[PDB]
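These notes concern the structure reproduced below.
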Amino acid sequence: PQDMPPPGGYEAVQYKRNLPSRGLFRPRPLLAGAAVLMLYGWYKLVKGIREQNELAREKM
Amino acid sequence: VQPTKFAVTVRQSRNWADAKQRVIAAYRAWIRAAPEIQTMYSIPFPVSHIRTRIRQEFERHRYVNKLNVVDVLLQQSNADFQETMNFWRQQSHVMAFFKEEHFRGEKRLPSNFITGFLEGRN
Amino acid sequence: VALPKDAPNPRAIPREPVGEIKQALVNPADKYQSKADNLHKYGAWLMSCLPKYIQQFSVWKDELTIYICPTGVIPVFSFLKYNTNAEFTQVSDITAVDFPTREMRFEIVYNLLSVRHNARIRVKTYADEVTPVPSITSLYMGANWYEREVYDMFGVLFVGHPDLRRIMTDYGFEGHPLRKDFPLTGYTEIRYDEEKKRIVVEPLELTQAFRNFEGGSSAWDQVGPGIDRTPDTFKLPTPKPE
Amino acid sequence: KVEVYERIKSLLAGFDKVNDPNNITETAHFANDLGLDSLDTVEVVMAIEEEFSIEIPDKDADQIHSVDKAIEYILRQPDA
Amino acid sequence: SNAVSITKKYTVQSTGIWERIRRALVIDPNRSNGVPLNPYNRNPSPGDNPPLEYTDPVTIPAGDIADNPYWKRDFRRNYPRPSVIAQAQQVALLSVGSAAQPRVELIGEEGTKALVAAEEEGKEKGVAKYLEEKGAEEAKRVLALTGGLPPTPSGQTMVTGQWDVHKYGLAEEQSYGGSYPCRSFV
Amino acid sequence: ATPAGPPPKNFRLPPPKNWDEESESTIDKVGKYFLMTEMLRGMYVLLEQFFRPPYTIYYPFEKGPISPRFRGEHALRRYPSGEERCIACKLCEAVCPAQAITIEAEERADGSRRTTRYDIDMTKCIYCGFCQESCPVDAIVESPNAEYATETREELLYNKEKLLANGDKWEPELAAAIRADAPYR
Amino acid sequence: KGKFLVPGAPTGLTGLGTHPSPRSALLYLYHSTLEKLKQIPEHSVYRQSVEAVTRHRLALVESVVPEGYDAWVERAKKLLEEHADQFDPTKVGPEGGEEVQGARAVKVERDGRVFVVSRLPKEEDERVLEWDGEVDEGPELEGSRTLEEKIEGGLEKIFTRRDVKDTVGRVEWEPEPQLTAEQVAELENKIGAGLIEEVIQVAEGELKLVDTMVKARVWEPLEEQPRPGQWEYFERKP
Ligand SMILES: *P(=O)(O)OCC(C)(C)[C@H](O)C(=O)NCCC(=O)NCCSC(=O)CCCCCCCCCCCCC
Ligand code: SF4
Ligand code: SF4
């Protein structure tokens, strides 16, 4: 015979746009995530510099 | 003019008086441009030698007595002039116009019957 | 390899057998007779509206051709551009054909498109070596390069064209290659010369000459005269008997 | 002026298309007196344009047909 | 949803711990990697397709041995000649009508000469002169041929059964929706 | 622009929306701008490809796929007895779109119709298969070979000796390719 | 809200914006066409064809009336008579005057019907406009000037230009009511030739066409007969 489609017909294939949204790129959790790192970092930086400042007192 | 540097809109000549002005205008632009043509394509000839070629080109068509044919020759002259003054031609194109720079010479036809016959149709 | 669970082998599905295939005989010209009358009527109306310039029209299958004298090029294309029943607002193509047996050897062919009416029209005029044609650049911007191509290949002047120069051939090229009398390989050829240290034009010389098998054309005509398909609304009446 | 004429002789006498030198005058014509055809005249005005380093318009060039006409024309032009 | 299942897309899949890793990290787990499967893709090679299986098909009207004379299916030699109308022919078509619709009776004698009169008149005076002598009524008659209004150019699609324009309309499904400046026309 | 008839339903776009009327919150709008969300998403796509198998094959140790129809280097073929298949019909010389074939022929010493010259200019040939389609005896064929680049252009002017040697070397491929595709020819 | 289309709003076809007063523009164009066709003979089919299409489309444009048109027309007609010097082109020019900061308006006559063309200052941001859009003609010529350069500097404009606030003797032109968006769609559904903006474009082109046809006299005998064999191809003899 000849190259023919299957008797049922080939199943439908994906062609419509599929770029689904994901939570890893929504800005609201990203903004919350960035704020926490900055807040945590400044908490550690206040404690760090205050300690460093006390070390200069002892050294002097 | 408007489309590109030396672009001349195609127009018919109204009469023989109109045509003669264009022909003299075309010759004037050509021999005026001869100094620039030399230095622009680094032609190994003097402007005198180049300007002689311009006159001979205009003299091949000196005997034309038909107005429509003149319009065709005028359009060709403008097209050649534009593609020369714009650096669209290359040195190979302009140099090929000088018949002396072919390695078989410029006298590319036999002088008389017996020279062509002895060499074999030129 | 790791296969997909729901993607079975598409070659492994047996195909239903095929037996006695039957295909009807179709004349492809028959489907255009539905509009044959309308195309003649449109051509006739154009001739009535512009009788000073339209010499004839022809209808082949769904293609309407209009034949005009060179002087009417601007008026005719203005009408085809701006008339409410002719909104051929695009120039699909402009080209030329050479017919040395004709006194006006050059046939100029314009193909137009009307998106509004979903229609096409052909306009033919004629020209010579020394007889120009009006440029339609003032009506169609797209026409600019098409007319340069016609001028480059055929040597036809378009009066009113801005910047009519060569578009395809080399600078300083001599001749118009689409003329029937212009030979296939032309007159000259180039090479690099090691003395001049540059490219040089020289007379053409072929290591193997072109072999033209045109003489093998059939000694018998193979197509025939064809079939007349003029509609009845454009054929003359006939006298009844007695 | 007179300085222009002495420069005018410097090119017309050097021109190889003159019928006979010393035929130049203060009012000689290229065609009638000097035997110059159309294009030889076009070339002479172009040589004068080079000497005074001033471009000459085509209409003005058509007006120039005599040695005096050129001498008058160059004086009117500011550049020289 | 837009996506088809990765389990139906003819590409190498991940397995075991690596499929769970893939479904946990990628942007869309239904997206294939474009690697074709070796047992299914070009298997067998076309050079090992059994030659005896393929059959060169013949349609029985064109390929019968009994009832197909060539001249009945010789559609090349039945090509339509171009139908040409000059200014003389249209004047005749205006003066005496057509074979589908005549203008006068034209019955036998005195009509054959009357018909040829409409031909030589068409040759001598073109369409313009003919109309000018006859006047505005003839002009209305030319438009009366097309039903009063001037005709419209024929369309180039016959999907609806008649030659017409294609009726472009917005598709009920916009692929970009409205978030982008591109509209789907059906 | 639009087709004749009434305007397509809803062809006219609604009027533009002002900044005030945009249906998207400021925090989301400011966040995407400063965080470059869509650029981060595009970068994440590359990492997904970074861990997918590459498509590269290691040529010349591995080769890409070709079909029995593949059009490569020309060859002249024999019968199983060793007689030349070519009978100088000149069908391939006539059909050749590039005029790449030159043939001369007379009667052979035994009176057989055979060629004396069979040249193919491989620098004129467009590799279209028309000669192979026109040959009534399967004499001229294109081999699957494509790896025959040469140092000089003269090496690409094939005469009858070069072509018959090519057929002798490539015959089992030539027969296999003919075997697979002859049903479709 | 969406009752009236917004002038300048994109239609969908790039560079084709929504028309400011589309119904009156069509009336202006159609009437201008019929008047311009009166210089063509009556036996020209070209004239007979354009008339049929235009008078038919004209009838349809008149078939759609903006709400409150009758109320507007009485006052607008009443306004022309009492202030004719304000709108006559022979006095203020075809553009309505040299004042762009102000509103201009000119009465015009076509095909036995009268139209008023109006021009308005472009709505521009106040942060960027200088002197409320008044045209900058450079500075005045100070110093020691000849009379000639003074006249070349438009000194006579001092005696004829009007301050933009100066509206003592003149009146405010009131615009015609507009067709609604519903009315525009149903009208162009009647014409069946695309969007109202495209239909106006076709009317503008058709108006332009008449001048070419008259200058070419396309209704007279064939200009050049086809010489024998001009249109002979390779057709076999039947
Ligand atoms: P004078 O009386 O001597 O002559 C005046 C004219 C020439 C008008 C004749 O008397 C005359 O009647 N001629 C008949 C009509 C005529 O003039 N024909 C038109 C000819 S135009 C023409 O020949 C254009 C050629 C231009 C060629 C220029 C040089 C070639 C290009 C390359 C330049 C060098 C390389 C860069
Ligand atoms: S190769 Fe084949 S087609 Fe060509 S001459 Fe030989 S037999 Fe004829
Ligand atoms: S492959 Fe095509 S071009 Fe090459 S020799 Fe055969 S017919 Fe000629």
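Residue numbers (the deposited numbering), protein chains in the order written: chain W, 2 to 61; chain P, 3 to 124; chain G, 45 to 286; chain O, 61 to 140; chain Z, 11 to 196; chain I, 39 to 223; chain F, 24 to 261. For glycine and all other residues, C-beta sits at the position ideal for the given N, C-alpha and C.
Just the chain I side, please: which residues come within less than 7 Å of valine 36/Z by C-beta, in chain order? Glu86
Please tell me whether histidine 205/G and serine 179/G are closer than 7 Å, where the distance is taken between their beta carbons. yes
Contacts of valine 25/P in chain G (Cβ-Cβ under 8 Å): The premise fails here: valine 25/P is roughly 16 Å from chain G at the closest Cβ pair, so nothing lies under 8 Å.
Between which two residues does the beta strand (DSSP E) holding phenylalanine 88/I run? Looking at the DSSP string, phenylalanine 88/I is not in any beta strand (DSSP E); the run it does join, the alpha helix (DSSP H), is 75–88.
Could you check whether the stretch 127–135 of chain Z touches the stretch 76–96 of chain O, counting it as contact only if at least three pairs of C-beta atoms, one from each stretch, sit closer than 8 Å? no
Looking at ligand 1, does it come within less than 6 Å of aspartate 97/O, judged from the CB to the closest heavy atom? yes
Who are the Cβ neighbours of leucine 230/F in its own chain at under 6 Å, not counting the five residues just before and after it? Excluding sequence neighbours, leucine 230/F sits near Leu52, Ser55, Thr56.
For chain W, is any of its Cβ atoms less than 7 Å away from the one on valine 101/Z? no
At a cut of 8 Å, does the stretch 195–214 of chain I reach the stretch 33–44 of chain F through at least three beta carbon pairs? no
CB contact check: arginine 30/P to chain G, cutoff 7 Å: no
When DSSP labels each residue in this structure, what does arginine 13/P get in the three-state scheme? coil
Among residues of its own chain, excluding the 5 on either side of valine 141/G, which ones have a beta-carbon nearer than 8 Å to its beta-carbon? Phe150, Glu151, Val153
With respect to 6 Å, is the separation between the Cβ of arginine 64/P and the closest non-hydrogen atom of ligand 1 below this value? yes
Residues of chain P with a CB under 7 Å from the CB of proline 206/G: which are they? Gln4, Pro5, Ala9, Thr11
DSSP beta-bridge partners of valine 177/G: Bridge pairing for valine 177/G: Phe202/G [DSSP].
By DSSP, does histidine 220/G sit in helix, in strand, or in coil? coil
How do the stretch 70–86 of chain P and the stretch 200–214 of chain G stand: do at least 3 beta-carbon pairs fall below 8 Å, yes or no? Touching, per the Cβ criterion.
Quick one, are the C-beta atoms of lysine 119/O and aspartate 100/O less than 7 Å apart? Their beta carbons are not under 7 Å apart, which means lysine 119/O does not touch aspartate 100/O by this criterion.
Is it right to say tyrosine 71/I is buried, meaning 16 or more other beta carbons lie within 10 angstroms of its own, or is it exposed? exposed
Which runs of the alpha helix (DSSP H) at least 4 residues long sit entirely within the stretch 24–83 of chain F? Give them in chain order. For the alpha helix (DSSP H) assignment, the uninterrupted runs of no fewer than 4 residues enclosed by the stretch 24–83 of chain F are, from N- to C-terminal side, 45–59.
How far does the alpha helix (DSSP H) with residue 2/P in it reach, from first residue to last? Since the first residue shown for chain P is 3 and the last is 124, residue 2/P is missing from the structure and cannot be characterised.
Leaving aside the five residues before and after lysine 59/F along the sequence, list all residues of the same chain whose C-beta is less than 6 Å from its C-beta, in chain order. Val233
List the endpoints of the continuous beta strand (DSSP E) containing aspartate 159/I. Per DSSP, the unbroken beta strand (DSSP E) holding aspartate 159/I starts and ends at 151–159.
Are the CB atoms of residue 197/Z and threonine 277/G nearer to each other than 7 Å? Coverage of chain Z is limited to positions 11 through 196, which leaves residue 197/Z absent and any answer about it impossible.
Simplified DSSP assignment, three categories, for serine 102/G: strand
Should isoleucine 141/I be listed as close to ligand 3, given that the test is whether its C-beta is under 6 Å from any heavy atom? no
Closer than 7 Å by C-beta to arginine 33/Z: which residues in its own chain qualify, once you throw out the five before and the five after it? Chain order, please. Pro39
Count the other CB atoms, across all protein chains shown, that sit within 10 Å of the CB of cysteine 192/Z; report buried if there are 16 or more and exposed otherwise. exposed
Residues of chain Z with CB under 7 Å from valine 83/I, in chain order? What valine 83/I touches in chain Z: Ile37.
Examine chain Z for any beta-carbon lying closer than 7 Å to the beta-carbon of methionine 91/G, and answer yes or no. yes
Less than 7 Å between the C-beta atoms of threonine 232/G and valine 244/G, yes or no? no
Does DSSP classify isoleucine 138/G as helix, strand or coil? strand
Just mark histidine 220/G as buried or exposed, buried being the case when its beta carbon has 16 or more other beta carbons within 10 Å. buried
Only counting the same chain, and skipping five residues up and downstream in sequence, which positions put a Cβ closer than 6 Å to that of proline 81/O? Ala73
In terms of residues, what are the limits of the alpha helix (DSSP H) holding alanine 149/Z? 146–155
Would you mind reading off the limits of the alpha helix (DSSP H) that contains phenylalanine 123/G? 117–126
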